[PDB]
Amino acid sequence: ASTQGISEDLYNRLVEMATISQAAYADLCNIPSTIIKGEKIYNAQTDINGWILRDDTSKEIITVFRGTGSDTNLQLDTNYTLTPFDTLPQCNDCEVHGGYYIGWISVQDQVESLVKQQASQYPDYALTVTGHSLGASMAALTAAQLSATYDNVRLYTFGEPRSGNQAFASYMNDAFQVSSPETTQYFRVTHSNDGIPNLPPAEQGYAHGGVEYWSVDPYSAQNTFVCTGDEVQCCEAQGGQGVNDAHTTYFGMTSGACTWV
């Protein structure tokens, strides 16, 4: 289906996670007041940047990754070789985008130790992972690993590439209850004709998982669509090309601009 309209509560949640993702490009400018900032995640070889955060009000530990912000990150973006996802031996025949797998391995020990430290102290909190574009694929690989280790794992992505093959997409669909929009814990958000959700091309053995939430302009709850099933539809049907204007700006927030309250 491609169903018009979402609730005000869900729209507010998508805008909150988009704000965190776009603020990750400018040292977390103007993130919600309900959030305590924890340790920085960083690797010098890959230039992967992220943070661990905590929202006591909503009882969640949030991990965010920045998208592309350097020449080194652009090199990762264009390594389209599929690589076995050996992080999860139980993910049968799962393969991931080769550049993003290097990025994930380069920060894995930091992410896992910092998440363990928070989860051990707040064992009833949910774990949420988010990011934009390259940061969205970093979030997907991270959330897959956490889902095998913890309860109540959630994933909000914005302008996400195809992160791996169909086996990886179906593992995520099962682990995140994607079979209904009423149960999903994986919200794969897209905007208008963003070109990045069309890369790598599906013909190279790549696939998306999750429920797609497609924001059409002008943006609002009533002009966001819920997209499920195998038909080409929503953002992917628009056939946008590459890094374009729609890619940069989600719910009126441009990466790193700090124009939000």
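Throughout, we count residues from 1 along the sequence that is shown.
Legend: mean Cα B-factor per stretch from the PDB entry, 17-25 versus 237-245; the higher mean is in 237-245. For the pair 192-200 and 28-36, the record assigns the higher mean C-alpha temperature factor to 28-36. Taking the PDB entry at face value, the top CA B factor among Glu182, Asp77, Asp109, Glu160 belongs to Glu182. Between the residues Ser133, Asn152, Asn173, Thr142, it is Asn152 that shows the highest Cα B-factor in the PDB record. Ranked by Cα temperature factor within the chain, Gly50 sits in the middle third according to the deposited record.
Among the modelled residues of the chain, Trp104 sits in the lowest third by CA temperature factor in this PDB entry. Per the PDB record, residue ranking by Cα B-factor puts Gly209 in the middle third of the chain. Placement of the Cα temperature factor of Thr81 within the chain: middle third of the modelled residues, per the deposited record. Residue-level temperature factors show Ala44 in the highest third of its chain, judged at the C-alpha atom.
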